[PDB]
Each structure stands twice: as structure tokens, then as C-alpha cells.
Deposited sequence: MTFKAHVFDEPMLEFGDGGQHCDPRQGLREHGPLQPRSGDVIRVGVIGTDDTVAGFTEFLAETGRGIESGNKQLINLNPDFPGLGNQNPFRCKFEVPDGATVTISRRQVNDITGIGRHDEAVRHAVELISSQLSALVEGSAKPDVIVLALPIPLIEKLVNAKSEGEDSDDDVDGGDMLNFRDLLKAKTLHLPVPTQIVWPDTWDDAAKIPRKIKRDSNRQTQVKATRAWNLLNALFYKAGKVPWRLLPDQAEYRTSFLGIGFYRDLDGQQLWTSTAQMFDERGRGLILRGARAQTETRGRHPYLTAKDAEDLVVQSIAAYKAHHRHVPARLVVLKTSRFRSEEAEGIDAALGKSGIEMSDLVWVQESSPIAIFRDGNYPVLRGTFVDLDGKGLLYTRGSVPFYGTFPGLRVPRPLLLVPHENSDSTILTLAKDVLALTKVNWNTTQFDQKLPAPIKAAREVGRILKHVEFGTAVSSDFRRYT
């Protein structure tokens, strides 16, 4: 019993039908899925005079090509071939004139000079949110805006490590959610993502960082470097994540969200009804009626932004499907007319794990059937990378399909594994959670500063 399969590194389709597993190595040979001639990305910049010039220099060096940090692990730390004849994105990253707004020395000193942290974060967001709106409404017409705050301002706005207090990035994303241009907040020295995670007090990968900033810029601009290679070309499959986030204000109630993704990696975020709770405000769940409306509101939202109706729709959750929840979802699916429907409970914190002989962990893609339950290892030893990227041992995912599901747990485990390659943060493809689950955590951090009943955009690019 407990038969184990080791899945293939799921395939990605790139330009002109080219296929590969690495996002970078795939873009290195075929380019993006759909290339258009003369494509250009209008990149706006906000920061000090020093940071803006630093971004212009990094963009120039990035265009000239950047050598690998460690040659021994070239697949994990590749060269950037630079903008030109070997450019993988096959698109121009430009900062046109007049698309730059600069925070003065006065303004930076005014933010740092505020003692109260909540009062200082509200003041800085108030400043930059009126600088982002001023750049969107301008004639510069940027596609993605890069926020390059100076280090002393970042250290005031981002706590460190070795909801009682406001988080800067989350509040900013909420205030600029009605704005159509996405924003990329970067460190001015390394140019990696900033304010997503707590910084390090003793903070002290160039090519890999450049790959990632450019990837983020491309996805934010609205283009797609690759789609998930489907099992059948005619078969259309969408993946809907359902989560909940608790408001810190009022009656401290729970609100249901939906994270709707397609085979190309484009998310559609929606807010559902207030959730119910089993005990003392914890254990959030949805009623049968609210569950049907959210899924109907999600299918209608997907069908608006696409051409084909998906033959199959997978619904993912991090908590068990309540029978009231499952009944409403299956009711909306039966009314939607979708051919196949699968409901999956993705457990993040299952203590079950398998251990092999030796120091290196089990291969990524290892799947062990547990009599209807599936222990999937999204993170682990990667043959392409020649090592295990992480240090702490991986903790696998227990996948529990609902009885109403139509696919086997073998096909569903492949989908979850492939869904971990949709990655708006890095170009590394060994992510722990599938895209709907990662999107659930981000939108919960942001929409909790947006009042319930207020209209929210369904564009995931604004949320990243």
C-alpha cells in the first residue's frame, strides 16, 4: 500500500510552441508566449534624485548583460543576456522623459521625523499615493511604476527581525487599488522586492535579481512570458482559490475572497459575502447561498476577461469544504454548465512526511497516495537546479479531494504541482504553494484596509 509516484517537472509553453521547465531557460530560447514587434514597457520611477539615477544605471547595466554570480550552479544563477539580440523578454524596458517624480529631502526627513509609526506610515502613503495618482493621470502614460525609496525611508517604514501595527506596503496597495498601473517597490541597492517581508537589521545574486525585477515588470505590464502546457490543447482548465480574511475593525468579522487563475497565470480577485464562524469568531466558513453567489460571481468574472468557457474548473481551499460550502459550489457549477468540476482541500500544515536515506531531501514532484489523500512535495530536491534551494527541510502538502470531484487525485496532484510555477515574485519555479493559495494571503493583507461594500478591482496585477 501507499504507492509513490514521482511526477515530471511540469512543462511550460513558450514562444512558437517551445517547451521547457525553467522560466528563464525557456524564455532564453523561445521568448514570451506571444511576441509582438516593437513591444515596449513604459517604466515610471519615483524616488530621490540618487535612487532614480541608480535605477537608470541598473537598467543600463541590465541591458548590457550581467554575468552569473556562481558558475557552478548556472541553472539556478544564470547569466542575464541583456537587452538586445539575446534579450529573453524581447521587449524594451524604457524610462521615458517626464515619467519621473522625486521625493524631496524635506519630505523624506518629514516622514522619518514622525515618532508615531502608525502616524508616519499614514503620512508617507498619503504622500506617495498622491504621487502615483499624479503620475497615472499624467501624459507620461506609464505601464508599470517602480518605487525606489531610499534606505533611511525604508527602514522607518519596514520593521525588522533577527495586526497591532500598520504595514506600509499593504496600506499603499489598498489606497492605489483603484489606480490601473501596477507598482513595484524595490530596494535601491539590490533591486529586489521590498516591504513584502520584514527587513534584516544587518542587511549587508545580481543577475538573478535582475531577471526577477524584469519578470515582475513584464507581468505587471500585462504580458505573459509563458502558459502552463495543458494536458489537452482543446481542454481549458481554470483554478479558483477561495480564502477568508478577518477585518480588524468593527465586529472583527470575516470576509470571503476568490482567487481566479487561468492557464496563463492571470488572476481575477473578488470579494464575497461575510463569512460565518464555527466557534468564537475563528473557523471561518461560508453558507450554501453565499458560496453559490461567490462562485457565480467568479465564473462570470472569468468569462468576461476570456474567450473560451473552461471545460473543467478546480476549486481550492486551505480549510476543509463544509457540506454547506460544497453544496453551493456544486450548485453553481451545475448551473454554469461546466463539464468537469473538482474540489480540493490543500492542507499546508500536515505533520505527515516521508524521509529518504541521505542528507538531500526527496525529489520535488514526489507523490504518495494515502487512500484518497495525497501527500505532495512542492518543494524539494530539484534536478535542474542540481541541489535543494532551501535549507530547512520541506513540509509537504496533504491534498484531500472532495467526493464531488471528478478527477483522480493523481491528475489533481499534477495540477497543484504545476500551479506552483505561476510565480509573480521570482523566476525560481520551486514554490511551495499553488498560485490561488499564494494570492489568497496577499489579498487578505490588502483588502482588510478597504471597507466592505466598496468596489474592488479584479486585476491581480494591481495587488502584486
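Comparing the deposited sequence with the modelled residues, the stretches lacking C-alpha coordinates are 1, 164-174, 217-222.
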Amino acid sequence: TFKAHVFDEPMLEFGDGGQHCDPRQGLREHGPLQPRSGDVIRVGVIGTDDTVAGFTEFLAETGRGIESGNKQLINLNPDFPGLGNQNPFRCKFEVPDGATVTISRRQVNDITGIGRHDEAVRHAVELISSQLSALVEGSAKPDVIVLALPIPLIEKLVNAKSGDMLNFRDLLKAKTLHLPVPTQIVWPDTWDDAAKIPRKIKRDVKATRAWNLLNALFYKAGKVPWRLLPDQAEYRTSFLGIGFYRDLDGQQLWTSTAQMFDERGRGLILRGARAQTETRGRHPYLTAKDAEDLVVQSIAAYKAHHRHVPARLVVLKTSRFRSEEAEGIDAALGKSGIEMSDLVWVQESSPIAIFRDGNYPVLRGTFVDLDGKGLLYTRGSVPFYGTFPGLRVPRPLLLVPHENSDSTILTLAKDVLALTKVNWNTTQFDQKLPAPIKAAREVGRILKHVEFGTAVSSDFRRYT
From here on, numbers count along this sequence of modelled residues.
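A summary of the deposited B-factors shows that, of 240-248 and 195-203, the stretch with the larger mean C-alpha value is 195-203.
Two stretches are in play, 85-93 and 101-109, and the higher mean C-alpha B-factor belongs to 85-93. Within the group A210, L253, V121, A134, the record's highest C-alpha temperature factor is found at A134. Of all the options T318, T366, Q184, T287, the entry's greatest CA B-factor is assigned to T287. Among the modelled residues of the chain, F460 sits in the lowest third by CA temperature factor in this PDB entry. Among the modelled residues of its chain, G281 has a C-alpha B-factor that falls in the lowest third according to the deposited record. The PDB entry assigns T426 a C-alpha temperature factor belonging to the middle third of its chain's modelled residues. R356: CA B factor in the middle third of modelled residues in this chain (values from the PDB entry).
Per the PDB record, residue ranking by Cα B-factor puts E348 in the middle third of the chain.
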